[PDB]
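If you read the sequences in order, they're chains A and B.
Taking UniProt numbering, I'd label the letters of the first sequence as residues 17 to 68, 73 to 103, 109 to 391.
If you count the second sequence from 1, you need to add 15 to reach UniProt numbering.
For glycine and all other residues, C-beta sits at the position ideal for the given N, C-alpha and C.
Please read the structure below before turning to the comments.
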Amino acid sequence: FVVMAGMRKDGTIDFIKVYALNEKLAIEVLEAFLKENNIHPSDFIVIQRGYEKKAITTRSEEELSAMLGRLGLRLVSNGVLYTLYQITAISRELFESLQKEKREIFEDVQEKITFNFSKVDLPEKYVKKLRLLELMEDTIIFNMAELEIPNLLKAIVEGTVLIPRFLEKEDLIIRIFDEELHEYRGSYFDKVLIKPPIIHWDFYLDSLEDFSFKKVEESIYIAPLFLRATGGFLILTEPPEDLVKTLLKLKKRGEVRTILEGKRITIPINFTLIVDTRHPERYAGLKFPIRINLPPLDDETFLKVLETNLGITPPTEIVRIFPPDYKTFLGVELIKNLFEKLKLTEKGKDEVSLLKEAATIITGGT
Amino acid sequence: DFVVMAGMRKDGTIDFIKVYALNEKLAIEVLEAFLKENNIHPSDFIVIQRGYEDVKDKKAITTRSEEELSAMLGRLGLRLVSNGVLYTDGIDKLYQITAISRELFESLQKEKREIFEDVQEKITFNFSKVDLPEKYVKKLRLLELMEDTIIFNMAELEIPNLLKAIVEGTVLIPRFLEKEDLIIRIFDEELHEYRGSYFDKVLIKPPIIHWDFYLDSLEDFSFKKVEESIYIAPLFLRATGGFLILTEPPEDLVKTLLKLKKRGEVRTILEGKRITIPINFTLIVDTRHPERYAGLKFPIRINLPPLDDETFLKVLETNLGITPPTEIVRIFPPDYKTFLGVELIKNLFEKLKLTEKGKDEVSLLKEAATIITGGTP
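So this is what it looks like as structure tokens:
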């Protein structure tokens with residue numbers, strides 16, 4: 017086991033970083049270190065632990085040493101290991122100072138959110154319409170083209186932000202950072218640097234319970250979705266109108282106040298809202314600054330998209346054989362899959378006849 | 016009285032354990048003694064299989080009698096060893112327990128995932144095992160593409176029986192999934208055709224699952240709780256690599272299933288733990304009210320029309336065994352000209368034949384037609 021102790025100029029140790037083979041050895045070493053320095057364990061809160073170099077010394081941990089130097093702490097190594110579980114802890118008052126005093130110390134790392142439309146293959150007349158998302162405002166998208174918004178935002182959005190890993194409010198731990206929806210980039214003690222969050226909520230696939238403080242263990246809670254989308258995008262697919270009203274009112278207020286186990290908690294709100302819908306009239310009484318419409322594909326665009334996907338040049342007549350419902354992006358993907366299957370099974374015949382056969386199959390054989 | 020067979024590495028580390036014994040208590044005591052003797056902690060092993068095995072065809076349990084096991088371990092870089100020989104004379108059922116080390120389980124999960132891929136067979140269709148009119152086989156041949164299908168079934172054909180009759184092949188599926196000490200069962204002893212066992216996977220015939228609105232419950236599409244930390248996977252997870260057929264389902268369920276297939280995985284929360292499992296199956300919707308699913312896209316649509324006069328006569332000749340006159344087509348109710356109607360007519364005709372002896376079969380057919388119509392003159 018190897019322990020790194022970051023102390024101030026007066027010798028007061030405030031940062032502990034223990035490395036050990038397993039969890040039991042790690043906790044035993046941590047308790048031995050706490051007792052050996054007459055440090056009450058109640059003064060240190062664990063912020064990170066888990067699994068993940074010939075030797076691990078001070079010269080191996082250059083980035084940690086630099087970050088501690090930014091915080092005015094010195095990095096030392098008690099021993100050397102020859103080649109794994111690790112635990113990180115900081116003192117309580119240092120945590121408070123990070124919360125209030127040293128808040129924007131690592132602001133210089135946060136990049137700027139940018140939209141790069143060269144990473145997707147889309148027509149120009151739709152890129153022009155979708156460029157309005159750069160303003161970072163609440164948007165309602167009339168999606169008659171059945172485009173996949175979350176995939177597009179995953180593809181084109183670039184940048185980084187910093188979010189708190191968790192909130193400790195009077196011995197209650199509310200978890201903000203989750204390893205499933207957030208793309209990890211780095212961890213700066215109390216905060217985590219990640220890519221701008223993109224959260225998706227589908228009415229048929231998800232539950233409304235996600236919008237409440239869900240209990241996991243005693244004194245452990247998971248924050249609602251709109252708190253886990255801080256600094257990013259929250260996309261709702263066909264949501265109820267009441268939920269939209271509640272979210273708009275919460276954004277207008279600027280904070281959420283809740284009661285849990287007799288303790289009152291207030292948390293600020295900062296995110297962007299996107300409503301991806303095909304029935305806009307359901308939200309007639311609500312006001313969104315940005316409205317985007319995606320029309321059905323016309324004949325020229327349909328032919329261009331088919332040529333792009335299938336890899337062949339379809340003729341004009343095949344425009345009039347497909348049903349009107351299939352002239353969207355999802356219909357194009359289904360046509361591509363069916364055409365690929367037909368070409369794989371039926372070898373020797375030309376591709377245009379395969380396209381005609383696929384169109385005949387799709388329409389049910391009349 | 017008992018025997019233990021060990022799959023061992025070259026460096027002496029123990030990785031695979033199998034125990035044969037007479038009963039459960041003897042098996043577990045032998046397993047615990049074996050673990051304790053070689054300084055092994057029970058947590059490092061996970062119980063993969065346990066149950067009764069037939070040893071009627073085996074005179075004794077030796078290393079030479081388990082050459083398939085030896086080959087399987089050799090393909091994984093392990094050697095099979097035994098501590099002795101167990102005599103199985105006069106014994107048919109023997110309790111067997113099979114367990115592997117945790118690191119081996121993880122290696123099979125991630126690194127050695129596709130080692131046994133060569134065992135599987137490609138899925139093919141053999142339409143010579145059923146007798147149907149050719150104009151219907153031509154329409155039904157489109158099921159070989161294995162795309163999502165909607166069947167407008169006005170001929171009242173039994174799709175699950177046809178698919179169970181005309182489908183050949185093999186597929187490997189996991190027996191269960193272990194996630195944060197939770198266990199989710201995938202292999203189903205009632206709906207799956209057992210074909211072989213390969214450590215943590217089971218080779219079976221391509222699963223075919225049927226769900227009927229008026230017979231089954233929607234709870235089949237949720238993680239059912241058997242006991243603590245044990246769950247049964249939903250239907251679409253037990254149809255991996257096969258077919259899921261839905262008879263008159265509600266539109267919301269179809270929409271949810273299509274969205275789940277589009278997303279590619281199912282993620283949920285159980286007992287404060289988050290799980291995510293991939294999805295891979297083929298959906299068939301058998302219905303007589305297609306307009307209920309107008310807003311959804313299905314790449315393949317198959318329409319089965321009611322039998323006409325010539326086809327009805329041909330099917331009657333095929334099933335009954337006699338050649339009826341043409342006038343027969345003008346006495347039966349219009350809605351009876353399907354396959355189910357033909358089956359009912361066949362059963363009634365057989366019972367009338369049994370009751371009345373010596374009568375000509377045409378008169379028996381006319382009498383059955385009169386009985387069906389309620390005796391209206």
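Separation of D323 (chain B) and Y151 (chain B) (C-alpha to C-alpha, rounded to the nearest whole angstrom) is 12 Å. Counted as a single uninterrupted DSSP element, the beta strand (DSSP E) harbouring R316 (chain B) occupies residues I315 to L319. Leaving aside the five residues that flank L328 (chain A) on each side, the residues in its chain whose CB is nearer than 8 Å to its CB run, in chain order, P339, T341 and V344. With 16 or more other Cβ atoms inside 10 Å of its own Cβ, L272 (chain A) counts as buried. Look at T338 (chain B) here: in three-state DSSP terms it is coil, with no helix or strand label. Counting only runs of at least 3 residues, the stretch 137-217 of chain A fully encloses the following beta strand (DSSP E) elements, listed from N- to C-terminal order: 164-168, 186-189, 191-194, 197-200 and 209-213.
Using beta-carbon distances, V241 (chain A) counts as an interface residue toward chain B, with a partner under 8 Å. Nearest C-alpha to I224 (chain B) among B:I260, B:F202 and B:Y35: B:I260. Taking the C-beta atoms as reference points, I43 (chain A) is found no nearer than 8 Å to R190 (chain A).
Listed in chain order, the positions of the stretch 262-280 of chain B with a beta carbon within less than 9 Å of a beta carbon of chain A are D267, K270, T271, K274, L275, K277 and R278. Of all C-beta pairs linking the stretch 369-383 of chain A to the stretch 66-84 of chain B, fewer than three are shorter than 8 Å, placing the two stretches out of contact. As the crow flies, the alpha-carbon of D375 (chain A) is around 35 Å from that of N168 (chain A). Around the beta-carbon of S116 (chain B), 16 or more other beta-carbon atoms lie within 10 Å, marking it buried. Residue contact check for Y35 (chain A) against chain B: no CB pair falls below 8 Å. Look at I292 (chain B): its C-beta is not under 8 Å from any C-beta on chain A. Under the three-pair Cβ rule at 8 Å, the stretch 204-215 of chain B does not count as touching the stretch 298-311 of chain B. If you check the CB distance, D26 (chain B) and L119 (chain B) do not come in under 8 Å. No Cβ of chain B is located within less than 8 Å of the beta carbon of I299 (chain A).
DSSP links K108 (chain B) through a beta bridge to B:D69. The three-state secondary structure of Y351 (chain A), taken from DSSP, is helix. Counting only runs of at least 3 residues, the stretch 80-137 of chain B fully encloses the following beta strand (DSSP E) elements, listed from N- to C-terminal order: 94-97 and 108-116. Around the C-beta of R253 (chain B), 16 or more other C-beta atoms lie within 10 Å, and the residue is accordingly described as buried.
Taking a cut-off of 8 Å on C-beta distances, the stretch 264-278 of chain B does not touch the stretch 237-248 of chain B, as fewer than three cross pairs fall below it. Here the alpha carbons of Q135 (chain B) and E205 (chain B) stand approximately 21 Å from one another. At a cut-off of 8 Å between C-beta atoms, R289 (chain B) counts as an interface residue with respect to chain A. Beta-carbon to beta-carbon, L93 (chain A) and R24 (chain A) are separated by about 6 Å, close enough to satisfy the 8 Å threshold.
Interface residue (Cβ-Cβ distance to chain A less than 8 Å): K150 (chain B) is not classified as such. Pairing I181 (chain B) with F140 (chain B) gives a Cβ-Cβ distance under 8 Å. Put simply, the CB of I174 (chain B) is far from chain A, with every gap to its CB atoms at 8 Å or more.
The criterion of a C-beta distance shorter than 8 Å is not satisfied by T164 (chain A) and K220 (chain A). Interface annotation, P320 (chain B): not in contact with chain A, CB-CB separation never under 8 Å. The beta carbon of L50 (chain A) is closer than 6 Å to those of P57 in its chain, skipping five residues each way along the sequence. Look at the stretch 235-260 of chain B and you find these whole runs of beta strand (DSSP E), each 3 residues long or longer: 239-242 and 245-247. Contact annotation: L197 (chain B) and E129 (chain B) have beta-carbon atoms that are not nearer than 8 Å. Residues of the same chain with a CB within less than 7 Å of the CB of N318 (chain A), apart from the 5 flanking positions on each side, are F167 in chain order. Among the bridge pairs identified by DSSP, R289 (chain A) is matched with A:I284.
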